[PDB]
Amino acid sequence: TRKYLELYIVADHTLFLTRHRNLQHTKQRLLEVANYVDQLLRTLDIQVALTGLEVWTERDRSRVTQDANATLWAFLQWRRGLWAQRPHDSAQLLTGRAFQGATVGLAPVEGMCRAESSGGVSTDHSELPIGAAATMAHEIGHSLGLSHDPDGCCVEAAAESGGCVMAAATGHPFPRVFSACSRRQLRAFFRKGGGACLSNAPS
């Protein structure tokens, strides 16, 4: 019984523009962010399989604004049509837009595999790909029913180590591991029936 996450990642038009309208380099950024997401999720014993990749080179397919929540749900609605053509477990939007309130990412809680909510949004806020990846892994965490780490969690992964992924705030150094509290919450989530779509090994 092994767990696999079929991930579909999207780069919005703004990100494309910040990447000098360079398709190849925008795709490379997505690939490197996806690689770090895989590294982080593997500390939960979940392997990531990059199912698909998309760059909105001419226009955003869903409305992206300063409102993180509005952006998240507009993306999720668009994701429904995407899913019908390109099946995946979770779709993640990586945006070059900055959200109001210093928010860098959002995702519906316990929505993994749900038709209306299996996705998330993250701003590419750091020069380092691991920044966006830690945010994306955090949103995927919420999708898997993980809550923010209580202060008595993340016994170790010291300050200089970046801490743990489910921390409520982010910043360099970025987290590379999920806390033991997160591990326990994930196992309970799976036992209770959540994330049923993570059971298949990608073809």
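Numbering starts at 1 and runs along the sequence shown.
Novice: Where do the C-alpha atoms have the higher mean temperature factor in this entry, in 14-22 or in 185-193?
Specialist: Per the deposited B-factors, the answer is 14-22.
Novice: Is the mean CA B factor in the deposited entry higher across 152-160 or across 60-68?
Specialist: Comparing 152-160 with 60-68, the higher mean C-alpha B-factor belongs to 152-160.
Novice: At the C-alpha atoms, which of 121, 98, 133, 76 reaches the highest B-factor in this entry?
Specialist: In the PDB entry, the greatest C-alpha B-factor among 121, 98, 133, 76 is found at 98.
Novice: Out of 128, 94, 109, 91, whose C-alpha atom has the biggest B factor in the entry?
Specialist: Highest C-alpha B-factor among the listed residues goes to 109.
Novice: For residue 54, return the chain-relative third of its C-alpha B-factor as stated in the PDB record: lowest, middle or highest.
Specialist: Residue 54: CA B-factor falls in the highest third of its chain.
Novice: Going by the entry, which third of its chain does the Cα temperature factor of residue 7 land in?
Specialist: Lowest third, going by the recorded CA B-factors of the chain.
Novice: For the chain shown, is the CA B-factor of residue 143 in the lowest, middle or highest third of its modelled residues?
Specialist: According to the entry, residue 143 has a C-alpha B-factor in the chain's middle third.
Novice: Lowest, middle or highest third: where is residue 48 by C-alpha B factor in its chain?
Specialist: Highest third.
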